[PDB]
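Okay, structure first, notes after.
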Ligand SMILES: *P(=O)(O)OCC(C)(C)[C@@H](O)C(=O)NCCC(=O)NCCS[C@@H](CS(=O)(=O)NC[C@H]1O[C@@H](n2cnc3c(N)ncnc32)[C@H](O)[C@@H]1O)[C@@H](N)CO
């Protein structure tokens, strides 16, 4: 007969998507104490339930439409009394009988009845009266009213008086109220208001770092209840007495949640009961609206200013409360399980209701309030000045003990405002005593080290072990003495061509023993080396050389025709040993010199060079040799490309300990089969992987091949991406070789924190990723909120780094240096590096990585600034706008590791169609290859959220079906290869010009392809050949070559 109204349409969609038996059935019991006429109260329950028209409501699926009608024909249960008294000993057997009622399938569709009562005690001078309703029939405001009426009927009968009349308005009058309201000018006014609220609304925020669930949250929750006995709230309200008590508790709760969210602007929910003023006041159905409230903490405001602007908005919201929140959702693009508009939910309405049966005490006890997806906070400031609260919390996102600590923080804020009502919102602190002390000991990493040099340490160790093998590759082997002879000769040669202390020397060499010699010789001259990836395009190397102004480029003879264009550069070809002339040190390098300059992607469109002090890298390497000692039975794998800071400890750490360093062949760092042959062939004990590569390498193994190639490993390090716990566990199962997690941006000296990723320590990680852990020597980790206060354990903050390991700064960019190397407010005169990483302290002191606060990404461990690509794309002709976006194009390629690929979105200035294939060709002239987007898509306009910012979630993925098919694949290699693409990409490939990377392949997936093709033909095909020949037709011609 009638449509679902008010809270029902929201409650309906919410259960359709729920995946639990009774997430939407409210239930509770009342604890009656004394003599009770149970058969009469049974009778009273029946008469009471008849007076609530909404309890006989029946529903039907009207081909999508949903309709309700009250069955005046339905007759009610008499409740069953249960004699469980002098039976089983516990009265928790009754609590089991109640808890068991809610494990049934009580959803509408189950066809079970939606209301249930029964009487239990069974007369132990006490009684448990149990009640459950589906939340489509009842608010938290009407079921205590229904109970009171059953108790009124009961009490009346005892007096010998006729059954009381119903106090209940028909719920139908409510339907008319909204059916008349939805067809009214106030609907158009209310829609317009909430649409402005959406444009201005801050994003959701939660104390849990995990993303907010839009569906299927548990109706079993934590239900904390806390009373504040300190009376500092009493002294607070009376010391202001302009705020309206409730307003004060709200503003405190807003400061408290903002501090736990690490947000100064966030969206929370607020509960309007919608009873007064409505025909619903006396109806029994659910009329209840949780509405979005935009919280804006202002650091410069006082606490009553916060209360005032909040109440102003709550007043304004109250005027428009009739607009169902559910309607706001579909007004926004979001629909059906999409991310919520707010996280926490604030509330003032009561926690219990009373019953006055004569000579009988009654106590309600709540069992199911309904699901809470995140966290909900009820505030009760009494007229007598005490304060109490009730926290409801998702059982998957929180636990009781930490919630108690946070609430004690809420007592601390109250105590702090009690002592200073003029206290600003920004000067308040939620650090418990002894928490700040505990973070002190964690940063107490002071280890006194003498002033020294790489060149010093290397020379000192070659004096100890002249004849121990030091440096080898396929073609050469050098003792520590023979090594120092070649270092000192090249360093003398470098001075003959002008390299002086303080200079830069750029290095563009293939991987051999001579790469290492070149670096040791440069530091020996007192210069700093600058590594060039010759895989970068010509135009980009010109930038780095023009910016760093190196005195000298060391290269090979066939590479310098690329550099004939650079003006005023001097080159040296180095690819064979020099006549020795002793091994004495030159003693030219000094602790304040720069040791090296590694460039990194920079937001402005132009890479920036990070300059690292000689002392900062000495600290890093002496610390490693204390924490993971090497002994010269060790063999270290030079596997990492020289343009990534990780290579530095590979180039230098073995030689300060006496161990051997062995060079891998070129391109072997990206071919997991080649690494297996490498490690076994040289008996490697020590090496490094990026987590994405560890994954590809694990995937290349079985236990037997693991025992054959990794048998010699003793120490493996991992860094540059979040290290997932389960990956470490697969590694432990294959090799038993200890594995360690290291963290650090280039702007400190390679790594500032460590953590064990094996053994007992790994067996304790309950999280998805391994902690980044603990500071190295002379290094501190600061985790600070947006106001640069320190954050307590468990709360997300911005990570800052301190100590001697900090970089000298950005090459030639004193503004960017000032931006990121900021003054440490906790150590005046000292700097502190702003990482851009978000992180939190775990309860054992270790730090957990959580994400970035900016547009920097680690695609497969390699650092990219989406801004760099954006600005380069916008410089292309007829490109007005350009947005780079990282995404997983093809879920079948997410075998493991980071599977993201870069996608450019372009809007043309002219509005004409753009030659995206030519534009992407052009980008390969400017950008390093891993920074060219694999797909460029042109859009008529960029998709925008309600606030006007970019809506990446609306950005269309690339189609796996090209609209312009090419030649079908020819018999032979092309047919094979097509098939292999299909095997790994998960779609049929019948196009010879299909692009492995455009179809969602990535370099880790290329490593699996190369192995598979190398089986399906006798000949080898390298993963590097899949990079170059991106397509079927190109990849075929490479293996058909005769
Ligand atoms: P395909 O051709 O697309 O890929 C093929 C392969 C995998 C072979 C290719 O991707 C490859 O050769 N990759 C090697 C990547 C690599 O070695 N990268 C440099 C190491 S990271 C560097 C610091 S950094 O500034 O570049 N970025 C630091 C930054 O990264 C995050 N981070 C580092 N360590 C972390 C841990 N342990 N957990 C969580 N996050 C971590 C942070 O965001 C940090 O600011 C080195 N200092 C790192 O050791």
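Don't worry about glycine lacking a Cβ; one is built from the backbone with ideal geometry, like all the others, and counts go over all protein chains shown. Rule-based calculations on the coordinates, nothing more; no lab input.
Taken as a whole, region 391-402 holds at least one residue that is closer than 22 Å to residue 274 by Cβ, in contact with a strand residue (DSSP E or B) (Cβ under 9 Å, 6 or more places away or on another chain) and crowded, with 17+ Cβ neighbours inside 10 Å.
Of all the residues in region 524-552, those that are in a loop (DSSP other than H, G, I, E, B) and under 34 Å from the mean Cα position of the chain (by Cα) number 5. Applying the condition of being outside any loop (DSSP other than H, G, I, E, B) and more than 16 Å from the ligand (Cβ to nearest atom) to region 1002-1023 and asking which residue is surrounded by the most Cβ atoms within 10 Å (Cβ to Cβ) yields 1013. Taken over region 769-793, the criterion of being within 21 Å of residue 261 (Cα to Cα), within 16 Å of the ligand (Cβ to nearest atom) and in a loop (DSSP other than H, G, I, E, B) is satisfied by 771 alone. The single condition among (1) assigned to a helix (DSSP H, G or I); (2) touching a residue at least 12 places away in the same chain (Cβ under 8 Å) that residue 274 does not satisfy is (1). The single condition among (1) closer than 24 Å to residue 776 by Cα; (2) in contact with a strand residue (DSSP E or B) (Cβ under 9 Å, 6 or more places away or on another chain); (3) buried (at least 16 other Cβ atoms within 10 Å of the Cβ) that residue 607 does not meet is (1). Taken as a whole, the condition of being part of a loop (DSSP other than H, G, I, E, B) and in contact (Cβ under 8 Å) with a residue 40 or more places away in the chain does not apply to residue 318. For region 16-56, give me each residue that is more than 21 Å from residue 160 (Cβ to Cβ), in contact with a strand residue (DSSP E or B) (Cβ under 9 Å, 6 or more places away or on another chain) and part of a helix (DSSP H, G or I). Answer for region 16-56, where residues must be more than 21 Å from residue 160 (Cβ to Cβ), in contact with a strand residue (DSSP E or B) (Cβ under 9 Å, 6 or more places away or on another chain) and part of a helix (DSSP H, G or I): 49, 53, 54, 55, 56.
Once region 420-434 is narrowed to residues that are touching a residue at least 60 places away in the same chain (Cβ under 8 Å) and out of contact with any strand residue (DSSP E or B) (no Cβ under 9 Å at 6 or more places or on another chain), the residue that is surrounded by the most Cβ atoms within 10 Å (Cβ to Cβ) is 430.
Show me the helices (runs of 4 or more DSSP H) entirely contained within region 627-706 in which 2 or more residues are over 25 Å from residue 460 (Cβ atoms). Break it down into steps so the answer makes sense when it comes.
Numbers: elements: 647-657, 672-682, 691-699.
Counting at least 2 such residues, we get 672-682, 691-699.
Residues that are in contact (Cβ under 8 Å) with a residue 60 or more places away in the chain and assigned to a loop (DSSP other than H, G, I, E, B) within region 745-760 comprise 745, 746, 747, 748, 749, 750, 751, listed in sequence order. Output the number of residues of region 718-743 satisfying the condition of being without any contact (Cβ under 8 Å) to a residue 60 or more places away in the chain and either within 30 Å of residue 602 (Cβ to Cβ) or near the ligand (Cβ under 7 Å from one of its atoms) (or both). Final tally of qualifying residues: 5.
Each row is one residue, and each column tells you yes or no for (1) out of contact with any helix residue (DSSP H, G or I) (no Cβ under 9 Å at 6 or more places or on another chain); (2) farther than 23 Å from residue 770 by Cβ.
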residue: 785; (1), (2): no, yes
residue: 796; (1), (2): no, no
residue: 814; (1), (2): yes, yes
residue: 823; (1), (2): yes, yes
residue: 828; (1), (2): yes, yes
residue: 845; (1), (2): no, no
residue: 872; (1), (2): no, yes
residue: 897; (1), (2): no, no
residue: 900; (1), (2): yes, no
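Exactly one residue out of 975, 1037 is within 22 Å of residue 929 (Cβ to Cβ), surrounded by fewer than 21 Cβ atoms within 10 Å (Cβ to Cβ) and away from the ligand (no atom under 16 Å from the Cβ): that is 1037. Among the residues of region 648-668, the ones that are within 10 Å of the ligand (Cβ to nearest atom) and either crowded, with 23+ Cβ neighbours inside 10 Å or over 37 Å from the mean Cα position of the chain (by Cα) (or both) come to 2 in all.
For residues that are in contact (Cβ under 8 Å) with a residue 40 or more places away in the chain and more than 16 Å from the chain's Cα centre (by Cα), scanning just region 827-859, find the one that is farthest from the ligand (Cβ to nearest atom). Restricting to residues being in contact (Cβ under 8 Å) with a residue 40 or more places away in the chain and more than 16 Å from the chain's Cα centre (by Cα), the top hit is 843.
Looking at 255, 226, 236, just one residue is outside any loop (DSSP other than H, G, I, E, B), over 30 Å from residue 5 (Cβ atoms) and in contact with a strand residue (DSSP E or B) (Cβ under 6 Å, 6 or more places away or on another chain), and that residue is 226.
Scanning region 901-931 for residues that are within 16 Å of the ligand (Cβ to nearest atom) and in contact (Cβ under 8 Å) with a residue 60 or more places away in the chain turns up 901, 924, 927, 928, 929, 930, 931. Of the conditions (1) loosely packed, with under 12 Cβ neighbours inside 10 Å; (2) in contact with a strand residue (DSSP E or B) (Cβ under 7 Å, 6 or more places away or on another chain); (3) closer than 30 Å to residue 541 by Cβ, residue 941 clears all except one; give me its number. The number of the failed condition is (3).
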